[PDB]
């Protein structure tokens, strides 16, 4: 259920979003971050992830979101559950007039870089970063840095 703009605005204004964030490792002990082109956390390096839709199972969401974010569909069985997190932003997808709140389910998994097809819709660049490098940069959003604390 991909909502029309009016109803997505009302939803974001009124209730927490539920999302899956992906802690994606390569063959070198590095993790995938993309530089976000959408609000919230626009212009920051952030892990790939997205919200779960109405009446969508977590199993279905994991497949839809891995395909949408990484260009590679993976089943939820590939992910290692990595906690429940909470992300609060002062802005939203279409403005700076109300806040966004996510309750986030983290999942960690390792992939082969050559099997991904990284899309350009939500990020304008992608890097595989070591925990030390990502923790040392203010350009990586705090909500992504904490996964590596």
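Residue numbers count along the first chain shown, from 1.
Q: Do the CA atoms of 14-22 or those of 123-131 have the higher mean B-factor in the entry?
A: Higher of the two, by average CA B-factor, is 123-131.
Q: Using only the Cα atoms and their B-factors as the entry lists them, report which of 43-51 and 112-120 averages higher.
A: Averaged over C-alpha atoms, the B-factors run higher in 112-120.
Q: With respect to the C-alpha temperature factors reported in the PDB entry, which of 85, 88, 31, 81 ranks highest?
A: The C-alpha B-factor peaks, among 85, 88, 31, 81, at 81.
Q: Out of 57, 38, 27, 100, whose C-alpha atom has the biggest B factor in the entry?
A: Of the options given, 27 has the highest CA B-factor in the PDB entry.
Q: By the record's CA B-factor, is residue 70 among the lowest, middle or highest third of residues in the chain?
A: Tercile = middle for this residue's CA B-factor.
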